[PDB]
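Scroll down for the structure; my scribbles are underneath it.
The basis for the numbers below is simple: all heavy atoms, side chains too, and nothing from hydrogens, waters or symmetry mates. Reminder, nothing fancy here: chain letters follow the sequence lines and each chain counts from 1.
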There are 2 protein chains.
Amino acid sequence: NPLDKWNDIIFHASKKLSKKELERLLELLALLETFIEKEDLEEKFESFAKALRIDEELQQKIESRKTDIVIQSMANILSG
Amino acid sequence: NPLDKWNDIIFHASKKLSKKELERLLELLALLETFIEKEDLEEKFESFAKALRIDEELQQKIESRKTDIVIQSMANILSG
């Protein structure tokens with residue numbers, strides 16, 4: 001449901017603000033991915049990622065992180 | 001303009017497919033951020049990021065990476 005609210009805000013904000021926020025996220029993703037390559041960590045990331053299907057603790061940490069991202073995102077849009 | 005096409009596809013695909021794709025990206029961002037923390041790389045990432053305003057070469061690499069992300073994203077939506 002926090003994620004539903006994020007989607008609501010994205011799709012109902014002005015096209016100008018939603019576009020800027022999604023581009024911000026795209027750029028951050030690109031930076032992060034590029035950093036991981038620059039530092040040769042790709043295999044390590046991949047392992048760490050598989051865990052999510054099974055590991056309850058990680059699932060909790062990622063879920064908490066996604067909400068933090070949503071909150072920032074929402075703020076950015078409301079902030080203008 | 002590649003980014004405009006991404007936005008077009010996001011906002012004009014079914015709400016079901018666009019929501020799933022944006023959630024996929026959110027989860028990936030959360031994984032990446034969490035990984036960087038788990039590995040104590042936060043300061044290093046931050047420096048690497050500042051460069052983007054000035055460094056032509058990085059600007060090119062990130063720009064190429066964003067397009068790759070867009071292409072995958074678009075494919076995901078078209079793929080269903």
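B:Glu21 and B:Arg24 are joined by a salt bridge, as a carboxylate oxygen and a charged side-chain nitrogen come within less than 4.0 angstrom of each other. Between A:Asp68 and A:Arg65 there is no salt bridge, since no side-chain nitrogen of the basic residue lies less than 4.0 Å from a carboxylate oxygen of the acidic one.
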Query raised in the report: B:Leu3 and B:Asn7: side-chain contact (heavy atoms from CB on, under 4.5 Å), yes or no, with the steps?
Result: CA-CA 6 Å; B:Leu3 272 41; B:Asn7 182 268; over 6 Å; no
Requested in this report: Just do the side-chain hydrogen bond (donor to acceptor under 3.5 Å, both in side chains) check on A:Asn76 and A:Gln72 with the steps written out, would you?
Outcome: CA-CA 6 Å; A:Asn76 284 354; A:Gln72 183 67 64; 3.1 Å; yes
Report task. Mind running side-chain contact (heavy atoms from CB on, under 4.5 Å) on A:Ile10 and B:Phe11 for me, showing each step along the way? Result -> CA-CA 10 Å; A:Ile10 292 288; B:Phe11 283 82; 4.1 Å; yes
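The distance from atom CG of B:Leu41 to atom CD of B:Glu33, rounded to the nearest 0.5 Å, is 13.0 Å.
Contact detail for A:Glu23 and B:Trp6: the closest heavy-atom pair is N-CZ3, 4.3 Å. Taking every heavy atom of both residues into account, A:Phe48 and B:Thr34 meet most closely at CZ-CG2, 3.9 Å. Of all non-hydrogen atoms in A:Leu58 and A:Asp55, the two that sit nearest each other are N-OD1, 2.9 Å.
When each of A:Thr67, A:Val70, A:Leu25 is paired with B:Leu26, the side-chain contact (heavy atoms from CB on, under 4.5 Å) condition holds for A:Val70 and for no other. Checking A:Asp8, A:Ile69, A:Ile9 one by one against A:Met74, the side-chain contact (heavy atoms from CB on, under 4.5 Å) holds for a single residue, A:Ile9. When each of B:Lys61, B:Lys66, B:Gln60 is paired with B:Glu63, the side chain to side chain donor-acceptor pair (under 3.5 Å) condition holds for B:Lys66 and for no other.
Ring geometry, A:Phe35 versus B:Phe45: the interplanar angle exceeds 60°, so the pair is classed perpendicular (tilted spans 30 to 60°).
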